[PDB]
Amino acid sequence: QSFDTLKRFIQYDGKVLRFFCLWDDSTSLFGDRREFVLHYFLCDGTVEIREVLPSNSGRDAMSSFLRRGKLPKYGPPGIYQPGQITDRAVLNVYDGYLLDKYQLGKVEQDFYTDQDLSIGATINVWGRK
Amino acid sequence: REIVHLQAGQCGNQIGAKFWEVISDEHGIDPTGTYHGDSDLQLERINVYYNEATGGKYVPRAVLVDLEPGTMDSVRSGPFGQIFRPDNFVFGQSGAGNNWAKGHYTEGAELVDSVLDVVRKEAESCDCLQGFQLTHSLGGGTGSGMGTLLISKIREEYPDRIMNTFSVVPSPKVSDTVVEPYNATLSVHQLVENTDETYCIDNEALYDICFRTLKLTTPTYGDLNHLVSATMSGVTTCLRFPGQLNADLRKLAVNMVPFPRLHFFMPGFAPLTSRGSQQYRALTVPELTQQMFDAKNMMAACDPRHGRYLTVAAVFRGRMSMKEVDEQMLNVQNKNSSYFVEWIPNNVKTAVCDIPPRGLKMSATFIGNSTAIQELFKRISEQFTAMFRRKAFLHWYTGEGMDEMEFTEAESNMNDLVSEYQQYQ
Amino acid sequence: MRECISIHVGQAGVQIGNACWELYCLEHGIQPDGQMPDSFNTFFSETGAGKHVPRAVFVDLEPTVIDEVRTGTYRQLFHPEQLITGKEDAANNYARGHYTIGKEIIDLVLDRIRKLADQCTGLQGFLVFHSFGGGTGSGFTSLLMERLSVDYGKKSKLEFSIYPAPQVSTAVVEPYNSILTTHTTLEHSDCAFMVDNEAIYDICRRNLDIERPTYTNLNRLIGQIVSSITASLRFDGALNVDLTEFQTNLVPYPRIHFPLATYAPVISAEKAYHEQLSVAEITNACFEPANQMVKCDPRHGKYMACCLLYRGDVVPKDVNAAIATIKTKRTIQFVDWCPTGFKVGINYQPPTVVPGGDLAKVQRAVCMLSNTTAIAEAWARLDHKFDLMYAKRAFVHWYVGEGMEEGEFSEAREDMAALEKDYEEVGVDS
Amino acid sequence: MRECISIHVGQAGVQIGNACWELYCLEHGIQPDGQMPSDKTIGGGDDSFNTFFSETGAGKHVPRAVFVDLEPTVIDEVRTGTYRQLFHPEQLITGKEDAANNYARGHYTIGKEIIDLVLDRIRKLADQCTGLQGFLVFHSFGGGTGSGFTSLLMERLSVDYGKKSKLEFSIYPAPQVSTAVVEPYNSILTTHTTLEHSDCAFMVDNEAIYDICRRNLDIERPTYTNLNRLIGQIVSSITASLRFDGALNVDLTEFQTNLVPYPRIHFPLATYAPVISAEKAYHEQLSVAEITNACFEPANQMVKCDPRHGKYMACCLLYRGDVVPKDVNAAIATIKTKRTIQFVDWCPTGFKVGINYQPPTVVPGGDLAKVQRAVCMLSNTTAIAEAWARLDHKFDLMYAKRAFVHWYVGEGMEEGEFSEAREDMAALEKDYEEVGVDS
Amino acid sequence: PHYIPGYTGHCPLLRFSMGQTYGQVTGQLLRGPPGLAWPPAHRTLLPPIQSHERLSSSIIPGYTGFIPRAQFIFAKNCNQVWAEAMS
Amino acid sequence: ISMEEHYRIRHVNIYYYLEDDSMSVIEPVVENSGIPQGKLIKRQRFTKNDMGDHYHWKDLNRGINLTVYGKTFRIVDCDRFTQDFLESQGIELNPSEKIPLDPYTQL
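Residues numbered from 1 in each chain as written, not as in the entry; some residues may be left out. Chains lettered and ligands numbered in written order. Part of a larger assembly, values for the part shown. Heavy atoms only, no water. Residues with missing side-chain atoms left out of burial classes, pairs and counts.

Topic: the overall build of chain D
Across its full length, chain D carries 14 helices and eleven strands. Scaling as 2.2 N^0.38, a compact globule of 439 residues should have a C-alpha radius of gyration of about 22 Å, and chain D matches this with 21 Å. With respect to the three principal axes, the spread of C-alpha positions in chain D is 60 × 60 × 40 Å. Taking the contacts inside chain D whose residues are at least 6 apart along the sequence as the reference set, 91% of them involve residues at least 24 apart. (Helix = DSSP H or I, 4+ residues; strand = E, 2+ residues; numbered from the N terminus. Rg over C-alpha atoms; globule rule 2.2 N^0.38 Å. Contact = heavy atoms within 4.5 Å.)

Rendered as C-alpha cells:
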C-alpha cells in the first residue's frame with residue numbers, strides 16, 4: 001500500500017475548508033447553544049476546532065477546543081492495548097526491520113474525509129453531534 | 001577549448017579571409033556577424049573561434065598583420081570584411097618588399113611590439129586557451145619574415161600551448177620571385193625549432209588538382225584558397241562538433257610526429273569531384289580512401305610513391321560505420337605494404353565527426369607524413385646554393401643588419417633535416 | 001541492501017554505459033524521467049515523489065562526450081552532480097591522463113564516490129567500464145583504482161574492459177597503453193573481463209545478419225552480458241549466485257583473474273522461428289569456437305573452469321543432461337586438477353529485449369564465463385607489437401615529457417612477461 | 001525416430017528436390033507456409049512426418065534437407081518460388097563460381113570452400129536427431145559439382161559419421177544422347193570414388209524416361225518437370241514403408257541386405273509399373289498380375305540396358321495400395337515359370353516382397369493418374385555390364401590422344417588419376433563376368 | 001524545457017542575464033528570444049518516451065543478388081536493410 | 001550530388017535540315033562551364049512516336065517541348081530565316097520566350 005505524502009503536500013498545501021458550527025447543548029440541563037469553527041486541512045485531511053465566544057459569556061480564553069488531528073468516524077474509539085497504532089508491520093528485528101509479507105497488525109480505523117463532510121448535515125464529533 | 005587566429009601576409013590575408021567565409025557558413029552567420037542559423041549545434045560550440053559582443057553578435061578572434069596598408073583595405077571591403085573588429089588590424093607604414101631582413105630585423109620589429117598587445121588581449125579574454133594558428137607563405141617578407149619573429153615571441157609567453165602554421169612553400173617549376181630560395185631556406189630554420197606544427201602546400205600541386213581532377217579551364221586565386229580553407233577547418237571539427245570517435249587538435253600532434261623535428265605534413269581532401277563527374281560518382285567509405293591516398297590528390301607535390309609513409313591520418317566527416325571505416329585502413333595497408341614503415345606496426349589514425357560540411361553527404365580529410373618531403377627540402381637547397389656560391393643578391397640583406405655566417409648556419413639546419421628523413425627511411 | 005555503484009570512464013565507457021542504462025530502465029518499469037507509472041534497490045536510489053536515481057557516475061575528461069548525455073533523453077534521470085567533466089583531454093596519452101590532467105579531478109570524483117557509498121546500506125560491487133586504447137580509459141582508470149584500493153578496502157571491484165585487437169585497430173600507439181596498464185590492473189582488480197572489438201564483428205555478421213555493425217549494435221551486446229551477471233542480484237532464482245560467490249569459484253590463483261565471456265543465443269528474429277532453443281542446444285554454442293568474444297581459439301587452450309549462467313525457462317534436470325554431454329566430447333579439454341569443472345547458475349527472469357535493438361525475444365538464454373589457457377596467444381601477439389616499436393623508441397618522447405620516467409616502460413614489460421609464464425606453468429598435466 | 005536427412009547437389013540435384021518436396025508436402029498435410037491449416041486435417045498422428053519434417057513451438061515443419069550448389073541462380077528460384085518460407089535460410093547453401101563442367105574444379109579448387117560450411121549444417125541436422133536411418137544424396141555424373149564436389153562430399157561423410165547408410169540416386173549418361181563433350185571424363189573418375197563410400201546406387205539415365213513418357217503416357221516433348229515428377233514417385237516408394245503402416249514392410253537396411261550380394265555390385269535398376277495417363281487408367285483392371293510382369297518389360301526399365309543379355313541376381317518388390325499378400329505369390333510363380341527371364345545359378349529364392357497400405361498420391365499439374373495399386377522394382381542384373389562397355393569405349397577414344405586433359409591437370413590434379421580410374425573401372429567389368437557365369 | 005546545471009555549452013544572452021539560478025535563466029531564455037530567432041528544427045532537447053515482386057517476405061537471410069539502393073544502408077539487420085530499401 | 005546547384009540550365013541550338021527532314025542538337029561553347037559541349041545529337045531524322053513517325057518542320061514552334069532520346073527541349077526562339085520561312089508556309093509563330101537564368105552560372 002501507499003505511505004506517500006509528498007504529492008499531496010505539493011498539490012494541496014495551503015488549502016483548507018472552513019465550516020462554522022452550531023451545537024445545541026440546550027437538551028442538556030445547563031448547556032447553551034454553542035458556536036464553534038471547524039477547519040479542515042486538505043494537505044493531509046486533518047481537522048481542527050475552536051470556540052467562538054459571545055460578548056457576554058463567562059468562558060475563559062480558548063485558542064483551541066481540541067487538537068489538529070484526525071477525527072474518528074464512530075464514537076470515542078477504543079484504540080487502546082498499545083502497539084496496534086503502528087502503521088507499518090514487521091517480521092523480525094535482524095535496528096533494521098523486515099517487512100512481513102502478511103499483514104497482521106492492521107485494524108480498520110475510518111476517518112472523516114472531504115468526501116464525507118458537507119453543509120447542512122449532522123456528524124459525530126467525539127461523541128457530540 | 002578555444003583558438004585565436006593570426007593572419008600574416010598578402011597571401012596570408014587572401015588565405016585567411018576566405019577561411020572566414022567558409023567557417024562562418026558552418027554556423028549560419030550573415031556578413032554583419034549575427035547568427036541566422038538553422039540548428040542548435042550551429043551555435044553550441046561557437047566560442048572555440050569567437051568572442052561575443054553586445055546586441056546578439058559574435059566577432060572572430062583574428063589579427064591581420066601586414067606591412068602595407070593597401071593589402072587589408074581590400075580585405076576590410078570584401079563581402080565578409082566588416083565582421084572583424086577594426087581595433088586589431090595592426091599595420092605598418094613602409095613596405096617589407098620581398099625582403100626577409102626588412103621584416104625580421106629592421107622594420108617589422110617596431111610593429112611586433114604593438115601586435116603583441118592585441119594578441120595578449122585576445123588571450124586573456126578566455127576560459128582555457130587551447131592554441132593559435134598562422135597563415136603565411138614562404139616566399140615573401142611580410143607573410144614570411146615577420147611571421148617567424150611572431151612565433152618565437154608567442155613561444156616564450158605561452159610555451160605549453162599549441163602553435164599551427166599553414167605554409168605555402170615555394171615551388172620549383174615557376175618562381176614568382178627571383179630571391180625565393182634566400183627566403184625559404186632561412187625561413188625553415190625556425191619552422192624546425194619554434195613551432196609545434198606546420199603544413200606544406202605547394203602551388204605546383206594546387207594547379208595539378210585544379211586541372212586534372214576538377215577540370216577547371218582557368219583557376220583564379222579564389223579556387224586555390226577554396227582548397228586550403230577546406231582543410232584548415234577539417235582539423236578543427238572534433239573540437240567544435242560531436243563525434244562517434246573524437247580526435248581534436250592536441251590528439252593528433254602527440255600521435256603523429258614520431259620524432260621531435262619531423263613535423264611537416266601534406267594534406268588532401270576526399271570528395272573533390274569534377275562538376276560533370278559529380279553525377280556519375282558514388283559516395284561510400286571506399287570512395288574516400290581511394291581518393292585520399294592516391295598521389296594525384298595531394299596538395300604538397302612530394303610524391304608518396306617515392307618514399308615511406310611514417311604516420312598517416314584520416315579525419316572523416318559524415319555518418320559512417322566504424323567497421324567500414326576501420327576496414328579500409330586495414331585493406332589499403334595490407335595491399336601495398338612496401339610504402340609504409342615496418343617498425344611502426346599500424347600506421348592509422350582515425351576519427352569520425354557527425355556533422356558533414358554543408359551540401360555534402362559525406363567527406364574525409366587526410367594528413368600524410370611521408371618520407372618524400374625531403375625532395376621539397378633538397379630541391380630548395382640545390383637552387384639556393386647556386387646563387388649563394390657567387391653571392392648574387394646578398395648585399396640587400398647584409399646591408400640591413402645581418403652577418404655572413406648566418407646563411408651557412410641556415411644551410412646546416414636544412415641539410416641536417418634531409419638526412420633525418422633518409423635516416424628513418 | 002544489494003548496493004552496487006557503476007563508475008564509467010572513457011568515451012567508450014559512456015557509450016557502453018548509455019546502453020546498459022537504457023536496459024536497466026526497460027527491465028523494470030521506470031521511464032526516462034525516473035518515475036514508475038521491490039528490487040530496483042540494487043541499482044536505483046530512492047527519493048520522494050516516485051523518482052529512482054541511478055547509482056552511477058559518468059566521468060570523462062573532454063566535455064563533448066558527456067554533453068549529449070546532459071542534453072539527451074536522460075537529462076532528468078541522472079543527478080547533475082554525478083556527470084563529472086574536465087577541460088583538457090588526455091589525447092591518447094596514458095601519461096597525460098594519469099599524471100597531468102587526472103590529478104585535477106581525482107579530488108572531485110572521490111567526493112561523489114564517498115557521497116554514494118555512505119548513502120548505501122551494504123555494498124557488494126563496483127563495476128567500472130573502460131577500454132584499453134586511449135588515455136582516460138587507461139591512465140585515469142589506473143589512478144582511480146589505487147585510490148579505491150585503499151580508501152574502501154575489500155569491497156569487490158569488477159572490471160569490464162576492451163582489449164586491443166590483433167589486426168583491426170584505430171591507433172598506432174595502442175600497444176603502448178596496453179602493456180603499461182596491465183601493471184596496475186593486476187594488483188587492484190578482483191575480476192577483469194576482456195572483450196575485444198574484432199570478434200564481435202564476426203558474430204554480428206553471421207549469427208545476426210547485420211552487415212556493417214556500427215558501435216550502437218556493438219554496445220547492445222555488452223549490456224546483455226553485464227545484465228546477465230546481475231539478474232541474480234535483482235531477481236529470485238531456482239539456483240542463484242551473487243557477485244561475491246562466483247569470484248571464488250572462477251579464479252584458481254591471485255594472478256589469473258582474466259575470464260572470457262560468451263552469450264549463447266545471439267540470434268536474429270527471422271532465424272529464431274526455426275530453431276528450438278533447447279537447453280542442450282545452447283549449452284554447446286557457448287563452447288563453439290566461432291562464437292567467443294576474444295580472438296583466441298579455445299582448442300589450443302586448456303580449460304580451468306566454466307561459470308554457466310542460465311536465465312529463462314530452464315529446469316535443472318535439463319541442465320545436468322547437457323553438462324554430461326560436453327564432458328564426453330573430446331575436442332574440449334579441461335585441466336588435470338579440475339574434476340568438477342562447472343558452476344551452474346539457474347535464474348527465473350528472462351532477458352528483456354530493447355525495442356530498436358537487434359536480437360530476438362527468446363525464452364531461454366545462456367551467459368558463460370570461462371577461464372582458459374587460450375589467452376596465452378592473445379598476450380603473445382600484442383607483446384610483439386609493443387617492442388617492435390620499442391626496440392628503437394618510437395613515440396617515447398611524448399610520454400616522458402609530462403611525468404613518466406624512461407624505466408617504467410620496461411618495469412611494466414617484465415610484469416607482463418612474468419605474467420605470461422604463469423599461464424605456461426598452469427596448464428601442464430602430471 | 002525413423003529419420004533420414006536428404007542432401008542435394010547441383011542443378012540436377014536441386015530440381016529433383018523440388019519435385020520430391022512438392023510430393024511429401026502433399027503426401028502429408030503441409031501447406032507451403034509450413035503448417036497444417038487447422039481447419040481440416042487428414043488422418044494420422046505425429047508419426048507420419050517425423051522421418052522428413054521437424055517441429056518448433058508454433059508448429060512449423062522445417063525439412064531435414066540441405067541444397068548444395070556452386071552458383072547463385074538455380075537456388076534462387078527456390079528462394080522466390082512458392083516454397084520460400086518452408087525452407088530455413090541456412091539450409092539452401094550457395095557458392096560463387098560453378099565448377100565449369102570439371103571434376104577437378106569441384107573436387108580440388110572450388111569444393112574446398114563449401115566443404116567447411118556443409119559439414120556444420122549436417123552436424124546441426126544430426127544433433128537434433130534421435131535415430132537416423134541414413135542419408136540420401138541426389139546428383140548427376142555428368143556435371144561439375146554433381147561429380148566433383150559430390151565425390152568430396154561422400155568421403156568426409158564416411159570418416160566423420162561411419163557405417164551410417166548413404167543412398168544415392170544418380171543420373172548416368174545416356175548411351176548416345178548427351179549435353180556435354182567431357183562426359184566420359186567425369187563418369188569414370190566419379191565412379192571410381194563413389195564405389196567404396198556408397199551403399200546403394202540407383203542409376204537412371206534420362207533417355208529411358210524419355211522413351212516411357214512418350215510411349216506409356218502420350219506426352220511428346222517432355223521437359224525436366226515430367227522427368228523429375230516420375231523420379232520422386234520412386235524415391236518416395238523406397239521410404240513409403242518408413243512413414244506409413246504396412247502389411248509387411250521393409251526399411252533402408254532391409255534391401256541392402258538382400259539386393260547387393262558382393263561389396264561392389266550395388267547398382268540396381270528401377271521400374272515403376274503403372275505409369276498411365278488418366279484417359280487410360282479407368283478402363284483397365286490394373287491387378288497385381290498386370291503390374292508385376294510389366295516391371296519385366298525390357299522397354300519399361302529406366303536404364304538403356306537390356307536384361308535379356310544378363311542374369312537376374314535378386315529382385316526387390318515394393319507393393320503399395322490395394323494389394324493382398326496372396327496375389328503377390330501368384331504372379332511371382334508365373335515369372336520363375338516363364339523362361340525368357342533368367343536368374344543366376346546360386347540364388348534360387350531371388351525375391352524380397354514389401355506390401356504397404358498407402359496408395360500413391362497425385363500431384364496437381366502432374367500427368368500420372370490416381371491409381372489403386374503400384375509396384376516398384378529394384379532388380380539387379382548382370383546386364384548392366386553392357387552400359388560400361390560403351391563408357392570405357394568413349395573414354396579411351398578421347399584419352400589415347402589426350403583431349404581435354406590440360407583443363408583438368410591445372411586444377412591440382414595430377415595426370416596419374418586418369419590411368420588409375422580407368423583400370424579400376426575395368427576391374428568392375430570383369431567382376432560381372434566372374435559373378436554372373438555358371439558354376 | 002531547460003538545461004541541467006552542469007551543462008558546458010553556449011546559451012544566448014546568458015552573460016547579460018543575471019541574478020537568478022542557472023536553470024531558471026536557461027528556461028527563461030529558451031522560452032523566448034526578443035533579440036534574435038530561435039531555430040525551428042532543433043534536436044538537443046527531445047520529449048522523454050521509453051526506448052512487381054520482392055516484398056520483405058520473399059527472400060531469406062542468405063539470399064544472393066542485387067537489391068536496389070541497399071548498399072548505402074548501414075548498422076541494421078539484413079532483412080531490415082532490405083525492408084527499408086524496398087519500402 | 002552538388003552542394004552548390006540542384007539543377008542546371010543547358011542552352012542548345014536545334015537545326016532542322018529542309019533537304020532531308022533531319023535534325024541536330026548542338027550546345028554552344030561556354031567558357032568555364034566544365035561540361036563536354038558541342039554536338040549533343042548527330043544529324044539524323046528524329047522519331048516523334050513509337051510508330052516511327054518523324055518530326056516535321058510543322059511540329060516545331062516557339063514555346064513547344066521537343067522530346068528526343070528521353071530529353072525534353074523547350075523551344076524559346078528561332079532565327080530570322082526560320083521565322084520568315086515558317087510564316088511563308090502559313091505557320092503563325094508563338095511569342096519569343098526568355099531562356100531561364102542558370103542559378104549556378106549567376107552565383
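Text resumes after the structure shown.
Focus: the overall build of chain B
Scanning chain B from N- to C-terminus turns up 14 helices and 14 strands. At 21 Å, chain B has a C-alpha radius of gyration in line with the 22 Å of a compact globule built from 425 residues. C-alpha atoms of chain B, sized along the principal axes, occupy 60 × 60 × 45 Å. For chain B, restricting intrachain contacts to residue pairs at least 6 apart in sequence, the fraction spanning at least 24 positions comes to 88%.

Thoughts on the environment of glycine 27 of chain E
Residue and element names in this part refer to chain E. Counting through the fold element by element, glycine 27 comes out in helix α1 (residues 22-31). C-alpha of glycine 27 to C-alpha of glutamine 50: the two residues are 23 residues apart in sequence and 24 Å apart in space. When sequence neighbours within four positions are dropped, the list of residues in contact with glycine 27 reads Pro1 and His2.

Description of the domain arrangement of chain D
Residue and element names in this part refer to chain D. Split into domains, chain D comes out as domain 1 (2-268), domain 2 (269-383) and domain 3 (384-438). Tallying the contact residues gives eleven residues for domain 1 and nine residues for domain 2. If one sorts the elements of the side of domain 1 that touches domain 2 by residue count, strand β7 (residues 246-248) sits on top with three residues. For the side of domain 1 that touches domain 2, a count of residues per class yields six nonpolar, three polar and two charged. (Domains from an automatic or database assignment. Nonpolar A, V, L, I, M, F, W, Y, C, P; charged D, E, K, R; others polar.)

Notes on the UniProt feature "binding site: Mg(2+)" in chain D
UniProt annotation of "binding site: Mg(2+)" refers to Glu71 of chain D when read in the numbering used here. The residue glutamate 71 of chain D is located in the loop between β2 (65-69) and α2 (76-79) in this model. (UniProt positions renumbered as here; feature names shortened; annotations may be inferred.)

Things to note about the sheet that holds β2 of chain D
Residue and element names in this part refer to chain D. The sheet built from six strands is open, its strands ordered β3-β2-β1-β4-β5-β6 with parallel pairing. Lying at the two open borders of the sheet, with one neighbouring strand each, are β3 (92-94) and β6 (200-204). The mean inter-strand angle of the sheet, taken between neighbouring strand axes irrespective of direction, is 15°. Alignment of strand β4 (residues 135-138) against strand β5 (residues 166-171), held across four bridges, turns out to be parallel. When the bridges of β5 are listed, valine 137 appears paired with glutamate 168. Lying on the sheet, helix α1 (residues 10-27) is in contact with β1 (6-9), β2 and β4; it crosses β1 at an angle near 135°. (Pairing = 2+ DSSP bridges. Axes fitted to C-alpha atoms, helices over the stretch in contact; angles between N-to-C directions.)

Thoughts on the UniProt feature "binding site: GTP" in chain B
All names here are of chain B. Residues given the UniProt feature "binding site: GTP" here are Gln10, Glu68, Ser137, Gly141, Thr142, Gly143, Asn203 and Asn225. Look at the named residues: they lie 216 residues apart in sequence, and the longest C-alpha span between them is 23.6 Å, so in the fold they stay spread out. On the secondary structure map, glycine 141 appears in the loop between β5 (129-135) and α4 (145-155). Beyond its immediate chain neighbours, meaning those up to four positions away, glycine 141 contacts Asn98, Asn99, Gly103 and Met146. Of note, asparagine 203 is situated in helix α6 (residues 203-212).

Considerations on the domain arrangement of chain B
Considered domain by domain, chain B is made up of domain 1 (2-256), domain 2 (264-373) and domain 3 (374-424). Between domain 2 of chain B and domain 3 of chain B, the C-alpha centre-to-centre distance is 34 Å.

A short note on the interface of chain B and chain C
With nine residues of chain B at the contact, the number on the chain C side is nine residues. Grouping the constituent residues of the side of chain B that touches chain C by class yields four nonpolar, two polar and three charged.

Examining the sheet that holds strand β9 (residues 315-321) of chain D
All names here are of chain D. One open sheet accounts for five strands, arranged β7-β10-β9-β11-β8; its pairing is mixed. Edge strands, defined here as strands with exactly one partner in the open sheet, are β7 and β8 (271-272). Two strands pair when backbone bridges link them, and β9 and strand β11 (residues 373-378) are joined in this way by six bridges, in the antiparallel orientation. Within β11, the position partnered with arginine 320 by the bridge is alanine 374.

Some points on the arrangement of the chains
A gap remains between chain B and chain D, with no contact made and the closest C-alpha atoms lying 22 Å from each other. Where chain C comes nearest to chain F, the C-alpha atoms are still 24 Å apart, and the two do not contact one another.

Comments concerning the UniProt feature "active site" in chain D
If you check UniProt for "active site", the listed places come out as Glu254 of chain D in our numbering. Position of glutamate 254 of chain D relative to the elements: it lies in helix α10 (residues 252-258).

Notes on the UniProt feature "binding site: Mg(2+)" in chain B
The residues that UniProt annotates with the feature "binding site: Mg(2+)" are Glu68 of chain B. Mapped onto the elements, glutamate 68 of chain B comes out in the loop between β4 (62-65) and α2 (101-104).

Considerations on unusual backbone geometry
For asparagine 98 of chain B, which is not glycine, the phi dihedral falls at a positive 55°. A positive phi angle, close to 60°, is found at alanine 100 of chain D, a residue other than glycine. Mapped onto the elements of the fold, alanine 100 of chain D is located in the loop between β3 and α3 (103-109).

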